[PDB]
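entry_1.pdb (PDB, C-alpha atoms)
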MODEL        1
ATOM      1  CA  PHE A   1       3.194 -12.177   9.458  1.00  0.00           C
ATOM      2  CA  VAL A   2      -0.213 -12.726  11.065  1.00  0.00           C
ATOM      3  CA  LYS A   3      -2.103 -13.251   7.808  1.00  0.00           C
ATOM      4  CA  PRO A   4       0.189 -14.123   4.878  1.00  0.00           C
ATOM      5  CA  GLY A   5      -1.797 -13.743   1.690  1.00  0.00           C
ATOM      6  CA  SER A   6      -3.575 -10.535   2.668  1.00  0.00           C
ATOM      7  CA  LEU A   7      -1.200  -8.333   0.617  1.00  0.00           C
ATOM      8  CA  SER A   8      -0.784  -8.633  -3.184  1.00  0.00           C
ATOM      9  CA  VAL A   9       1.302  -6.283  -5.304  1.00  0.00           C
ATOM     10  CA  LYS A  10       1.673  -5.670  -9.049  1.00  0.00           C
ATOM     11  CA  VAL A  11       4.559  -3.478 -10.227  1.00  0.00           C
ATOM     12  CA  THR A  12       4.750  -1.673 -13.585  1.00  0.00           C
ATOM     13  CA  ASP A  13       7.776   0.453 -14.486  1.00  0.00           C
ATOM     14  CA  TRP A  14       8.069   2.911 -17.398  1.00  0.00           C
ATOM     15  CA  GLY A  15      10.396   5.503 -15.850  1.00  0.00           C
ATOM     16  CA  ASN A  16       8.049   6.066 -12.935  1.00  0.00           C
ATOM     17  CA  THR A  17       6.499   3.029 -11.298  1.00  0.00           C
ATOM     18  CA  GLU A  18       2.915   2.032 -10.636  1.00  0.00           C
ATOM     19  CA  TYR A  19       2.027  -0.170  -7.685  1.00  0.00           C
ATOM     20  CA  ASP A  20      -1.380  -1.798  -7.845  1.00  0.00           C
ATOM     21  CA  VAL A  21      -2.262  -3.238  -4.470  1.00  0.00           C
ATOM     22  CA  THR A  22      -4.981  -5.709  -3.556  1.00  0.00           C
ATOM     23  CA  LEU A  23      -5.789  -6.491   0.038  1.00  0.00           C
ATOM     24  CA  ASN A  24      -7.485  -9.774   0.846  1.00  0.00           C
ATOM     25  CA  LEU A  25      -8.734  -9.134   4.391  1.00  0.00           C
ATOM     26  CA  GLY A  26     -11.793 -11.361   4.687  1.00  0.00           C
ATOM     27  CA  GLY A  27     -13.710  -8.502   6.281  1.00  0.00           C
ATOM     28  CA  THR A  28     -13.913  -4.716   6.626  1.00  0.00           C
ATOM     29  CA  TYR A  29     -11.052  -3.064   8.514  1.00  0.00           C
ATOM     30  CA  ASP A  30      -9.395   0.298   8.971  1.00  0.00           C
ATOM     31  CA  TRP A  31      -6.265  -1.057   7.328  1.00  0.00           C
ATOM     32  CA  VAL A  32      -2.980   0.807   7.173  1.00  0.00           C
ATOM     33  CA  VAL A  33      -0.447   0.257   4.407  1.00  0.00           C
ATOM     34  CA  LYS A  34       3.000   1.727   5.070  1.00  0.00           C
ATOM     35  CA  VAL A  35       5.329   2.214   2.126  1.00  0.00           C
ATOM     36  CA  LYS A  36       9.068   2.896   2.260  1.00  0.00           C
ATOM     37  CA  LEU A  37      10.537   4.648  -0.781  1.00  0.00           C
ATOM     38  CA  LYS A  38      14.167   5.043  -1.817  1.00  0.00           C
ATOM     39  CA  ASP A  39      15.568   8.477  -0.965  1.00  0.00           C
ATOM     40  CA  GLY A  40      14.669  11.064  -3.574  1.00  0.00           C
ATOM     41  CA  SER A  41      11.468   9.324  -4.643  1.00  0.00           C
ATOM     42  CA  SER A  42       7.924  10.451  -3.918  1.00  0.00           C
ATOM     43  CA  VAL A  43       4.378   9.365  -4.678  1.00  0.00           C
ATOM     44  CA  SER A  44       3.099  11.368  -7.639  1.00  0.00           C
ATOM     45  CA  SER A  45      -0.316   9.737  -7.999  1.00  0.00           C
ATOM     46  CA  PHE A  46      -2.719   7.598  -5.967  1.00  0.00           C
ATOM     47  CA  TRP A  47      -6.316   6.419  -6.007  1.00  0.00           C
ATOM     48  CA  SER A  48      -8.940   4.604  -3.926  1.00  0.00           C
ATOM     49  CA  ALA A  49      -7.185   5.522  -0.697  1.00  0.00           C
ATOM     50  CA  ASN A  50      -6.101   8.442   1.452  1.00  0.00           C
ATOM     51  CA  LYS A  51      -2.395   9.298   1.534  1.00  0.00           C
ATOM     52  CA  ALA A  52      -0.267  10.746   4.319  1.00  0.00           C
ATOM     53  CA  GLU A  53       3.503  11.192   4.540  1.00  0.00           C
ATOM     54  CA  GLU A  54       4.527  10.426   8.108  1.00  0.00           C
ATOM     55  CA  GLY A  55       7.780   9.472   9.784  1.00  0.00           C
ATOM     56  CA  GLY A  56       9.591   8.694   6.547  1.00  0.00           C
ATOM     57  CA  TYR A  57       6.855   6.427   5.203  1.00  0.00           C
ATOM     58  CA  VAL A  58       3.955   6.937   2.825  1.00  0.00           C
ATOM     59  CA  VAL A  59       0.830   5.828   4.676  1.00  0.00           C
ATOM     60  CA  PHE A  60      -2.275   4.688   2.834  1.00  0.00           C
ATOM     61  CA  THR A  61      -5.657   4.208   4.474  1.00  0.00           C
ATOM     62  CA  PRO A  62      -9.079   3.301   3.059  1.00  0.00           C
ATOM     63  CA  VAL A  63     -11.644   5.681   1.672  1.00  0.00           C
ATOM     64  CA  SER A  64     -15.226   5.062   2.862  1.00  0.00           C
ATOM     65  CA  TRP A  65     -15.967   2.197   0.495  1.00  0.00           C
ATOM     66  CA  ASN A  66     -12.609   0.426   0.406  1.00  0.00           C
ATOM     67  CA  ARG A  67     -12.290  -1.154   3.860  1.00  0.00           C
ATOM     68  CA  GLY A  68     -12.695  -4.697   2.537  1.00  0.00           C
ATOM     69  CA  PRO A  69     -13.219  -7.640   2.370  1.00  0.00           C
ATOM     70  CA  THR A  70     -11.154  -7.207  -0.799  1.00  0.00           C
ATOM     71  CA  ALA A  71      -9.697  -3.730  -1.231  1.00  0.00           C
ATOM     72  CA  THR A  72      -7.844  -2.494  -4.291  1.00  0.00           C
ATOM     73  CA  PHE A  73      -5.920   0.759  -4.586  1.00  0.00           C
ATOM     74  CA  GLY A  74      -2.793   2.003  -6.270  1.00  0.00           C
ATOM     75  CA  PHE A  75      -0.133   4.643  -6.533  1.00  0.00           C
ATOM     76  CA  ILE A  76       2.701   5.800  -8.746  1.00  0.00           C
ATOM     77  CA  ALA A  77       6.125   6.599  -7.314  1.00  0.00           C
ATOM     78  CA  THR A  78       8.800   8.556  -9.163  1.00  0.00           C
ATOM     79  CA  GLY A  79      11.721   6.616 -10.563  1.00  0.00           C
ATOM     80  CA  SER A  80      12.274   2.968 -11.426  1.00  0.00           C
ATOM     81  CA  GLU A  81      11.048   0.541  -8.750  1.00  0.00           C
ATOM     82  CA  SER A  82      11.634   2.974  -5.897  1.00  0.00           C
ATOM     83  CA  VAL A  83       9.484   1.109  -3.355  1.00  0.00           C
ATOM     84  CA  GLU A  84      11.739  -0.781  -0.951  1.00  0.00           C
ATOM     85  CA  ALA A  85       9.013  -2.306   1.224  1.00  0.00           C
ATOM     86  CA  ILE A  86       5.252  -2.360   1.793  1.00  0.00           C
ATOM     87  CA  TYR A  87       3.716  -3.264   5.160  1.00  0.00           C
ATOM     88  CA  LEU A  88       0.073  -4.126   5.842  1.00  0.00           C
ATOM     89  CA  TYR A  89      -1.137  -3.329   9.351  1.00  0.00           C
ATOM     90  CA  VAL A  90      -4.576  -4.223  10.664  1.00  0.00           C
ATOM     91  CA  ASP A  91      -5.583  -3.275  14.200  1.00  0.00           C
ATOM     92  CA  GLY A  92      -1.941  -2.679  15.085  1.00  0.00           C
ATOM     93  CA  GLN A  93      -0.679  -6.072  13.906  1.00  0.00           C
ATOM     94  CA  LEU A  94       1.549  -6.742  10.906  1.00  0.00           C
ATOM     95  CA  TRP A  95      -0.627  -8.922   8.677  1.00  0.00           C
ATOM     96  CA  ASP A  96       1.658  -9.171   5.655  1.00  0.00           C
ATOM     97  CA  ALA A  97       4.615  -7.454   3.996  1.00  0.00           C
ATOM     98  CA  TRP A  98       6.305  -7.112   0.609  1.00  0.00           C
TER      99      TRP A  98
ENDMDL
END

Target format structure tokens, applied to this file:
Amino acid sequence: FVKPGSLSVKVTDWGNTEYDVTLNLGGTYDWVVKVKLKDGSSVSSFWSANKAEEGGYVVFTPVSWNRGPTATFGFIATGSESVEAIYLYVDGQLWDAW
């Protein structure tokens, strides 16, 4: 990882699971967070970011005001802890991963 410490994740499970993500970038970037979910799961809710489903991953990008230095966003995925991995990409490089 290029910048360990740039990705922080809080998980809350009640049947469906909420992932509250904080990005510590040190500046404003067009970050890209790629999320891999277990088969059968999907994102049912999200905020403070744009969402796209591409190539088998759920891709989150910043809204106008959430490019950094510290960006916070979140989403809810169906099922209990269905997120298998979260990757933070900045300018094409893998900065951190969960």

task: Go through A:4, A:15, A:71, A:84 one by one, measure the shortest atom-to-atom distance of each to residue 49 in chain A using all atoms listed in the file, and give the residue with the smallest value.
output: A:71

Kindly list the centre and edge lengths in Å, rounded to one decimal, for the axis-aligned box that covers all listed atoms of range 74-88 of chain A plus 3 Å on each of its six sides, as JSON.
{"center_x": 4.7, "center_y": 2.2, "center_z": -2.8, "size_x": 21.1, "size_y": 18.7, "size_z": 23.3}

message: Quick one: residues within 9 Å of residue 72 in chain A, all atoms listed in the file, excluding same-chain residues fewer than 4 positions away - as a list in words?
response: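 Close residues of residue 72 in chain A: residues 20, 21, 22, 23, 24, 48, 49, 66 and 68 of chain A.
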
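Checking A:87, A:95, A:1, A:14 one by one against residue 57 in chain A, counting only C-alpha atoms, you find the shortest gap at A:87.
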
field: Minimum-distance residue to residue 27 in chain A, chosen among A:6, A:82, A:93, A:12 (using all atoms listed in the file)
entry: A:6

query: So, counting all atoms listed in the file, which residue among A:25, A:30, A:40, A:8 is closest to residue 60 in chain A?
result: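 Counting all atoms listed in the file, the residue closest to residue 60 in chain A is A:30.
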
- request: Could you list the residues chosen by the PyMOL selection byres ((chain A and resi 46) around 6) in this structure as a ChimeraX atom specification?
  value: /A:45,47,74-75

- prompt: Using all atoms listed in the file, which residue out of A:78, A:33, A:11, A:62 lies closest to residue 92 in chain A?
  reply: A:33

query: For residue 34 in chain A, which residue among A:76, A:54, A:59, A:10 is the nearest when counting all atoms listed in the file?
result: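 Of A:76, A:54, A:59, A:10, the one nearest residue 34 in chain A, counting all atoms listed in the file, is A:59.
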
- prompt: For the atom pair CA of residue 28 in chain A and CA of residue 83 in chain A, what is the interatomic distance in Å to one decimal place?
  reply: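 So the answer is 26.1 Å.
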
Interatomic distance, CA of residue 65 in chain A to CA of residue 37 in chain A (Å, one decimal):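 Atom-to-atom, CA of residue 65 in chain A to CA of residue 37 in chain A, that is 26.6 Å.
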
task: Just the residues within 8 Å of residue 98 in chain A, please, counting all atoms listed in the file, with nothing from its chain fewer than 3 positions along; format it as a VMD selection string.
output: chain A and resid 7 9 85 to 87

Point-to-point distance in Å for CA of residue 91 in chain A and CA of residue 19 in chain A: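 Value for the CA of residue 19 in chain A-CA of residue 91 in chain A distance: 23.4 Å.
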
query: At a cut-off of 6 Å from (-1.9, -2.7, 8.4) in the coordinates of the file, what residues are picked up using all atoms listed in the file, written as a ChimeraX atom specification?
result: /A:31-33,88-90,94

Quick check on the file I pasted: which residues fall under the PyMOL selection byres ((chain A and resi 77) around 6)? Write them as a PDB file with C-alpha atoms, in the frame of the given file.
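Result file is result-v1.pdb:
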ATOM      1  CA  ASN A  16       8.049   6.066 -12.935  1.00  0.00           C
ATOM      2  CA  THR A  17       6.499   3.029 -11.298  1.00  0.00           C
ATOM      3  CA  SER A  42       7.924  10.451  -3.918  1.00  0.00           C
ATOM      4  CA  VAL A  43       4.378   9.365  -4.678  1.00  0.00           C
ATOM      5  CA  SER A  44       3.099  11.368  -7.639  1.00  0.00           C
ATOM      6  CA  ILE A  76       2.701   5.800  -8.746  1.00  0.00           C
ATOM      7  CA  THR A  78       8.800   8.556  -9.163  1.00  0.00           C
TER       8      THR A  78
END
